[PDB]
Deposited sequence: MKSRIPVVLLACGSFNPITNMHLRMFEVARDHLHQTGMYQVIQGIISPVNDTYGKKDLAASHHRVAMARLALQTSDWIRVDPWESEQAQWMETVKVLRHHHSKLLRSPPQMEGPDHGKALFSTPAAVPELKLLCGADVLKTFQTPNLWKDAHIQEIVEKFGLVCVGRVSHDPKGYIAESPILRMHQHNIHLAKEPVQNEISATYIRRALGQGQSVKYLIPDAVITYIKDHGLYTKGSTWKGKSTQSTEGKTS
């Protein structure tokens, strides 16, 4: 029988885009392809407002847009927990929290784009103990992205290369490089982003005067 899996994507989602969404679909299809898993749920967890130097739209707006984006999904949902904490939280702690909730046992895996794996290499960015826990205790499903070589990142990381059974590389056969930064700039300039992000998200953005 197949192992039940829940995919957790942590990120800014400022705003959520069709690209972030496609990431779940490709990841799910990949895991199902292996024959060993049965993805049962997808979770979008927007980062807290105290994170980073960049000024994101308020967390309640990012959760609301993600929710609207997912109204048309029958397996992916947004979870505000992380954004509703008083402070930013390292991702491994978000995995721990969501794992606990699952026990109130499916496997919880972190879902991310290849650019994320590359940040594992950034000085003082991620704790090595955390990278190890993520791939050893939970699991990692990485979706390809132009200009990134996931296989190489894994091979060159002493930590990742020792936990490949728990790392799944899902290749993106389509060229999808739509930047959220670009989306925000286009909106600020009054230009269309239709067909780049869900219509409901576009409406919400207009209604609430976001990115202007």
{"property": "Deposited residues without C-alpha coordinates, grouped into stretches that follow sequence order", "result": "1-2, 107-126, 235-252"}
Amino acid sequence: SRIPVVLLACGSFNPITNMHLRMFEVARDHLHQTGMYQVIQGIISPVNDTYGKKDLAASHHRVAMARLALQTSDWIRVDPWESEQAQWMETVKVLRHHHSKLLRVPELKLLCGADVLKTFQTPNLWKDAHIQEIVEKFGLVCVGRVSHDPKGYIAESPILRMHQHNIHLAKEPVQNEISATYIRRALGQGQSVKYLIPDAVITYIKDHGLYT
From here on, numbers count along this sequence of modelled residues.
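Superpose the two forms; the largest set of C-alphas matching within 1.5 Å is the rigid core.
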| query | finding |
| --- | --- |
| Comparing 32-40 and 45-53 where Cα RMS over structures and residues is taken in 5 other deposited structures of this protein (core fit), larger one | 45-53 |
| In 5 other deposited structures of this protein, rigid core aligned: more displaced of 120-128 and 83-91 by C-alpha RMS | 120-128 |
| Unmodelled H98 in at least one third of other entries with both flanks present | no |
| Stretch with the higher entry mean CA B-factor, where the candidates are 48-56 and 145-153 | 48-56 |
| Mean C-alpha B-factor comparison - 82-90 and 109-117, higher one | 82-90 |
| Given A27, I178, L70, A186, the residue at which the Cα B factor reaches its maximum | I178 |
| Criterion, highest CA B-factor; candidates, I76, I131, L102, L95 | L102 |
| Chain-wide C-alpha B factor ranking for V5, given as lowest, middle or highest third | highest |
| Among modelled residues of the same chain, the CA temperature factor third for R62 | lowest |
| Third of the chain, ranked by Cα B-factor, where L169 sits | middle |
| Record-listed C-alpha B factor of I159: chain third | middle |
